[PDB]
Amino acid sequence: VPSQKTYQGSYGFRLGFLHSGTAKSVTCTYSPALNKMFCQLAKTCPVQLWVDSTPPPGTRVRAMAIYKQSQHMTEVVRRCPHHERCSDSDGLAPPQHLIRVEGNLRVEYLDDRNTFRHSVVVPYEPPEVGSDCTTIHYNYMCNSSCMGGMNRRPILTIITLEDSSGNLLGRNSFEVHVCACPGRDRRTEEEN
């Protein structure tokens, strides 16, 4: 089972999210109280990278899903059978992978030859001028409800920072729920 232990490490690595609120129209909204991202099928989910010091050119950013509940943690998070067999592929992403990256021509996907887990990796780039963080636009390609994929089981997204040689630099995670109305779900789940 992949580690989900938070380490900031040498570059002071942590995640941030837009302060998007819960109006009906929002595409994607993070809940600080729940450390949980609410997003829509195949839509833009911006995840921010914040660092105290600049990892060198060659550094890479990996995303992997895992089931949160301990009785499922061993099972590979993958797309439901309906969504594997869509004409929805961008040509770079394997059709079985839940997590894509949008708008990055240097994206790399991995089926682990040993554990069989899926992941998606992009080069690390520093913040643009007049920004203080690096944004990756993720896409989740199934609904939390999909019969036979996740099937309403909670997942975590693990984000790892790694150097050009595979050495781990830092790690963070957040829960994610993929739904029709992210605004609505976040407001409701918070009222507990």
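We number the residues from 1 along the sequence you see.
The question of which stretch, 88-96 or 72-80, has the higher mean Cα B factor is settled in favour of 88-96. Looking at 31, 135, 131, 160, the one whose CA carries the top B-factor in the deposited record is 131. Per the deposited coordinates, the residue with the largest Cα temperature factor out of 48, 139, 59, 151 is 151. Placement of the Cα temperature factor of residue 20 within the chain: lowest third of the modelled residues, per the deposited record. When all modelled residues of the chain are sorted by CA temperature factor, residue 66 is found within the middle third. When the CA B factors of the chain's modelled residues are split into thirds, the value for residue 39 lands in the middle one.
Annotation for residue 117: C-alpha temperature factor in the middle third relative to the rest of the modelled chain, per the entry. Sorting the modelled residues of the chain by their CA temperature factor places residue 176 in the lowest third.
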